[PDB]
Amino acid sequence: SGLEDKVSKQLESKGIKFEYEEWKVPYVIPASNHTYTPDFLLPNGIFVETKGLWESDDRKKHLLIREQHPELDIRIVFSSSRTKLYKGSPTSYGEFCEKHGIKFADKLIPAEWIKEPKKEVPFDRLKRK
């Protein structure tokens, strides 16, 4: 960058030796705690997240919850599941869900989901509003 060049030129002009980008320093970013509030909870225990724009951190969040709370049934209703992950991506929101086992639909909750037999929700692992 202009600054790196100026600093390098200065050190050389004064005859100071130096190593440039020669050493890496390892570090760990600590794990962090968060909470996610799905939009709707149906009587049969299915949670439904309505979603327009679906950002990367949001997608990672769903994968984390699936690994951390396998018993939760969290599905997504998209304004459009055909939307691509980003400006030039080949993958759609829907394809991402298919790849990771996330049940999804577009615009409205499918009649079939509402009809699914009730199942237990581990509310003990959850926090009420």
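A residue's number is simply how far along the shown sequence it sits, counting from 1.
- Once the C-alpha B-factors are averaged per stretch, 53-61 and 83-91 rank with 83-91 first.
- Higher mean CA temperature factor between 23-31 and 92-100: 92-100, per the PDB entry.
- Remark: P38 belongs to the lowest third of its chain, ranked by C-alpha B-factor as recorded.
- In the PDB entry, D73 places in the lowest third of its chain by CA B-factor.
- Per the deposited record, the Cα B-factor of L11 falls in the middle third when ranked against the other modelled residues of its chain.
- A111: CA B factor in the middle third of modelled residues in this chain (values from the PDB entry).
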